[PDB]
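The letter at position 1 of the sequence shown is residue 212 when you use our numbering, and the numbering goes up by one with no holes.
Ideal Cβ positions, reconstructed from N, Cα and C, are used throughout, including at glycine.
Below is one structure, written out as structure tokens, with a few remarks after it.
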Amino acid sequence: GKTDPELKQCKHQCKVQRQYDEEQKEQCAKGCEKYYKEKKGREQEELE
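Right, here's the structure in full:
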């Protein structure tokens, strides 16, 4: 009884790749954590 989120992958790619910075890594993990772990991807783009 578990669900595997893509959040691991976003953070992983941003962890292993030299191209992604330290700040980039947090924002990177923020996107997959927020859009796939915190909220549903029902909407194409958030309202703001």
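(message) Can you look up residue 255 in the DSSP assignment and give me helix, strand or coil?
(response) coil
(message) Between which residues of its own chain and residue 246 is the CB-CB distance below 8 angstroms, once the five residues before and five after are set aside?
(response) 252
(request) Please report the residue range of the alpha helix (DSSP H) in which residue 234 lies. (result) 233-243
(message) According to DSSP, simplified to helix, strand and coil, what is residue 248?
(response) helix
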